Amino acid sequence: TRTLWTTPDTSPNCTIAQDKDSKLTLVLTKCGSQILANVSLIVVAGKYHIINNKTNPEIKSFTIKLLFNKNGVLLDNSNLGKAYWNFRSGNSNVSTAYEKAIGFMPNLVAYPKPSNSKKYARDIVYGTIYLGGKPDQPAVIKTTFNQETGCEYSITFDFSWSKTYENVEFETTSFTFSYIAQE
Amino acid sequence: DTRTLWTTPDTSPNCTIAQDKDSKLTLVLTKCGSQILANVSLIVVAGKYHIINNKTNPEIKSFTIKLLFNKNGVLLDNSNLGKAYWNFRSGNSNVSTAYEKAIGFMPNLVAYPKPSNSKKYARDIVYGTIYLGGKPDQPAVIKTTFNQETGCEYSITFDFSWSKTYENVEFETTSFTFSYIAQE
Amino acid sequence: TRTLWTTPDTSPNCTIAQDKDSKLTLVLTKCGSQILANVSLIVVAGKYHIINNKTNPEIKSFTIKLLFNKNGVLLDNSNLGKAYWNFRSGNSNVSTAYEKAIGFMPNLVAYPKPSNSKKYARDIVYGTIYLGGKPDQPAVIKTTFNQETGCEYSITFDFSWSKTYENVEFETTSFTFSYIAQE
Ligand SMILES: CC(=O)N[C@H]1[C@H]([C@H](O)[C@H](O)CO)O[C@@](OC[C@H]2O[C@@H](O)[C@H](O)[C@@H](O)[C@H]2O)(C(=O)O)C[C@@H]1O
Ligand SMILES: CC(=O)N[C@H]1[C@H]([C@H](O)[C@H](O)CO)O[C@@](O[C@@H]2[C@@H](O)[C@H](O)O[C@H](CO)[C@@H]2O)(C(=O)O)C[C@@H]1O
Ligand SMILES: CC(=O)N[C@H]1[C@H]([C@H](O)[C@H](O)CO)O[C@@](O[C@@H]2[C@@H](O)[C@H](O)O[C@H](CO)[C@@H]2O)(C(=O)O)C[C@@H]1O
Ligand SMILES: [Zn+2]
Ligand SMILES: [Zn+2]
Ligand SMILES: [Zn+2]
């Protein structure tokens with residue numbers, strides 16, 4: 001079981017603002033002590049489908065959280081739907097929900113849960129993706145590990161942009177990053 | 001399969017952008033299961049794109065290098081990259097002849113569909129920035145697109161471009177790493 | 001044996017300007033002919049701990065060097081301490097110091113040592129990381145392979161920034177890159 005993923009089709013699997021308003025494509029491949037991750041996002045409807053900052057100046061960011069319990073299982077408060085996340089089988093997923101994926105969780109010593117101790121920035125990775133694949137439409141994808149509550153582990157994607165986009169569909173290029181694995 | 005498909009890493013020209021063997025593309029593809037970890041750099045040694053001067057030629061701002069593969073993952077002759085040294089790695093060179101299969105290194109067609117009249121999504125593109133001559137003030141964009149060429153089953157296209165006005169700058173780049181979802 | 005690392009704790013292991021003034025977290029995971037690297041830096045004391053370019057406009061960069069001999073063993077003149085640079089075991093290291101790691105070394109034909117032959121830029125990788133995890137606090141991390149002398153192989157991290165930061169602690173987000181291995 002070396003890859004946990006959302007199948008790479010275009011069917012909605014994530015709820016940002018309203019039910020199933022987006023397709024998060026996330027592939028986590030275990031390369032031993034590091035997880036190699038590849039991510040992209042297609043928003044298909046709702047509030048974040050077409051960005052028009054002339055009309056809505058305040059719509060400049062949104063968040064997608066993946067919350068996991070002690071066994072690396074996705075919790076239902078996550079934005080990504082549970083039915084859509086599992087180990088890879090061909091171009092699809094296994095038939096039944098996995099029970100353990102601790103080896104794909106962000107390492108708690110590298111990336112500790114919030115506490116009264118000093119918080120370090122190494123639990124964040126920043127990247128830039130491009131809306132519609134156009135070079136002049138960058139948006140930031142900030143990924144943070146284990147900073148959510150109500151979970152043993154978490155991966156949070158905070159998307160934001162600073163440009164004033166007018167009628168730009170929120171569907172992105174892909175970004176790769178890695179993180180240190182719990183086991 | 002943790003093998004590596006590569007161009008070998010010396011600097012002998014192995015690619016044709018504007019004229020025969022005018023450049024050396026160094027591309028290393030390593031299979032990490034469902035993802036291919038890729039490392040790429042480029043050295044142009046002659047011809048039109050060797051030395052850039054956007055004051056005399058402001059129109060020269062981009063070029064393309066295409067790798068075309070057949071259904072077996074074999075590089076096709078009409079790719080910009082020459083077939084002679086694109087092969088699986090054996091030490092600092094290649095295995096004795098020519099792989100026949102490398103489908104496991106090809107860009108996934110569900111993730112990155114060939115052109116059609118269905119909506120074209122941006123996820124088949126990865127943008128990166130590399131630097132000419134290793135200088136921090138000489139960025140150029142390397143845009144990599146998967147499976148968008150025709151006359152092939154799979155493809156990897158590198159579109160190089162720059163918006164800075166370069167003056168007699170040699171086009172040889174730093175390296176960029178990206179990954180993509182593997183077909184198998 | 002597929003991972004050479006600094007361990008993921010925050011105990012200082014690197015000397016930039018003064019003894020153990022920082023924790024360099026570096027994980028090298030061998031993915032065959034390519035090494036997948038993940039790096040971040042936390043400076044805890046000394047000259048590069050708090051950056052203030054109003055006060056010291058001259059402090060705009062520093063370097064961290066890892067020098068290796070023919071066997072891939074870290075030389076003591078590296079900025080990183082030999083103490084906790086070893087193959088991984090859980091969240092720590094193996095008890096005994098390794099004696100060979102040539103397969104983690106940057107390839108000499110791809111990245112040759114300086115000579116009177118033409119020097120090419122492919123032995124460099126540039127990335128951007130963010131101080132304190134703030135998006136408006138970018139710094140460049142430039143990594144160069146095999147350009148140091150007095151070693152068979154080397155990996156050098158050159159950090160620099162161009163913005164005038166005022167009392168910004170140098171602790172970074174993480175960055176991932178890869179390089180061609182010697183064997
Ligand atoms: C693919 C990529 O790197 N996109 C860049 C983009 C392109 O370089 C540009 O659109 C190509 O012509 O530039 C972006 O920044 C614009 C910004 O760039 C600074 O260097 C410049 O000083 C500013 O005046 C301004 O041009 C863009 O938003 O278009 C960023 C994007 O990441
Ligand atoms: C390696 C890297 O990130 N290079 C940057 C480059 C360097 O940060 C900078 O040259 C180091 O001083 O900065 C580039 O953009 C520049 C801006 O940072 C600067 O404020 O204004 C410059 C124009 O006067 C320029 O836009 C650069 O030098 O081209 C971009 C490059 O990616
Ligand atoms: C995480 C990231 O990409 N950070 C960018 C940063 C952010 O996009 C921005 O601060 C929003 O948080 O933007 C940087 O570039 C700036 C431009 O976005 C801005 O328009 O002009 C600034 C100069 O006045 C600056 O060039 C930044 O804040 O430095 C670049 C950084 O990588
Ligand atoms: Zn629409
Ligand atoms: Zn030249
Ligand atoms: Zn501090």
Side-chain angles (χ1 to χ4, degrees), chain A residues 10 12 17-18 20-23 41-53 126-141 160-175, chain B residues 11-13 15 17-19 21-24 41-54 58-62 118-122 125-134 136-145 158-166 168-174 176 178, chain C residues 117-122 126-128 135 138 140 162-163:
Chain A
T10 66
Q18 61 189 46
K20 309 284 274 330
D21 63 2
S22 55
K23 166 59 157 73
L41 181 68
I42 293 167
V43 177
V44 305
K47 178 175 175 192
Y48 298 108
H49 176 55
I50 294 299
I51 302 305
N52 190 320
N53 288 138
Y126 276 102
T128 295
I129 48 64
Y130 293 83
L131 307 190
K134 298 185 183 186
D136 63 341
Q137 295 176 345
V140 172
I141 178 175
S160 64
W161 49 96
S162 46
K163 292 180 73 159
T164 299
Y165 292 131
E166 291 192 34
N167 301 323
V168 172
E169 180 176 26
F170 206 100
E171 55 96 11
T172 77
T173 55
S174 295
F175 174 58
Chain B
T11 57
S12 172
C15 184
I17 302 172
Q19 64 180 57
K21 297 290 173 171
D22 63 2
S23 53
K24 163 63 188 213
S41 67
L42 175 71
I43 293 169
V44 186
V45 306
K48 185 177 175 177
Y49 296 107
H50 182 211
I51 301 306
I52 309 301
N53 188 325
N54 292 134
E59 74 283 0
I60 300 180
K61 292 186 305 177
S62 61
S118 297
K119 185 176 179 59
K120 199 280 195 183
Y121 287 107
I125 295 163
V126 183
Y127 273 102
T129 298
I130 49 71
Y131 292 80
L132 308 181
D137 67 337
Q138 305 187 329
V141 175
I142 174 174
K143 179 188 184 188
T144 301
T145 304
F158 295 109
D159 282 309
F160 290 84
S161 61
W162 51 97
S163 50
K164 288 195 103 155
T165 306
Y166 288 128
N168 297 328
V169 172
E170 187 181 48
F171 209 96
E172 55 97 11
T173 81
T174 55
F176 177 61
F178 57 97
Chain C
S117 258
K118 181 173 172 61
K119 194 280 181 186
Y120 285 113
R122 56 181 195 186
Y126 279 101
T128 298
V140 170
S162 49
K163 285 191 168 188

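As the structure lists them, so they are numbered: ligands from 1, and atoms in each ligand from 1. Every chain is numbered from 1 and lettered A, B, ... according to where its sequence line falls, protein lines coming before strand lines. The figures that follow rest on heavy atoms only: side chains count, while hydrogens, waters and symmetry mates do not.
- Within a 4.0 Å radius of atom 17 (C) of ligand 1, the protein contributes no non-hydrogen atoms.
- Of the heavy atoms in B/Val141, only side-chain atoms (C-beta onward) come closer than 4.0 Å to ligand 1.
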- Task: Apply side-chain contact (heavy atoms from CB on, under 4.5 Å) to the pair B/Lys48 and B/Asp22, showing each step before the final yes or no.
- Result: CA-CA 9 Å; B/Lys48 185 177 175 177; B/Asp22 63 2; over 6 Å; no
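- Counting heavy atoms from C-beta outward, A/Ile51 and A/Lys163 have side chains that stay 4.5 Å or more apart.
- The presence of a protein heavy atom under 4.0 Å from atom 20 (O) of ligand 1 is ruled out.
- Annotation for A/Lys134: atom NZ does not count as buried by contact number, only 12 or fewer foreign heavy atoms lying within 6.0 Å.
- At a threshold of 4.5 Å between non-hydrogen side-chain atoms, the residues A/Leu131 and A/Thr172 count as touching.
- Counting only heavy atoms of the protein, atom 32 (O) of ligand 1 lies nearest to A/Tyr130 OH, 2.5 Å.
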- Task: Assess whether side-chain contact (heavy atoms from CB on, under 4.5 Å) is satisfied between B/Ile17 and B/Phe171, documenting all intermediate values.
- Result: CA-CA 12 Å; B/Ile17 302 172; B/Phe171 209 96; over 6 Å; no
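- If you look at A/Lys163 next to ligand 1, the close heavy atoms, those under 4.0 Å, all belong to the side chain.
- Protein heavy atoms are absent from the 4.0 Å sphere centred on atom 24 (O) of ligand 1.
- By the 30° and 60° cut-offs, the orientation of the rings of B/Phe158 relative to B/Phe160 is tilted.
- For the pair B/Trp162 and B/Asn54, the minimum side-chain heavy-atom distance is below 4.5 Å.
- Coordination check, B/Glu172 versus the Zn ion (ligand 5): failed, since every N/O/S atom of the residue sits at 2.8 Å or beyond.
- For atom 3 (O) of ligand 1, a protein heavy-atom neighbour is present inside the 4.0 Å cut-off.
- Counting heavy atoms from C-beta on, the side chains of B/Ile130 and B/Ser41 never come closer than 4.5 Å.
- Per-atom contact check: atom 12 (O) of ligand 1 touches the protein, criterion being a heavy-atom distance below 4.0 Å.
- Of all protein heavy atoms, the one closest to atom 7 (C) of ligand 1 is A/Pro135 O, 4.0 Å.
- For ligand 1, the polar-atom distance check against A/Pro138 finds no nitrogen or oxygen pair separated by under 3.5 Å.
- In this structure, atom 8 (O) of ligand 1 lies nearest to the protein heavy atom B/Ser163 OG, 4.1 Å.
- No more than 12 heavy atoms of other residues, nucleotides or ligands lie within 6.0 Å of NZ in B/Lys61, so this atom counts as exposed by the packing criterion.
- The atom of B/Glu170 nearest to the Zn ion (ligand 5) is OE2, with the search restricted to N, O or S atoms.
- What sits closest to atom 1 (C) of ligand 1 on the protein, heavy atoms only, is B/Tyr127 CD2, 3.4 Å.
- Geometrically, ligand 1 and B/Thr129 share no nitrogen or oxygen pair separated by less than 3.5 Å.
- Within a 4.0 Å radius of atom 27 (C) of ligand 1, the protein contributes at least one heavy atom.
- A distance of 10.0 Å separates OG1 in B/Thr165 from CG in B/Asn53, rounded to the nearest 0.5 Å.
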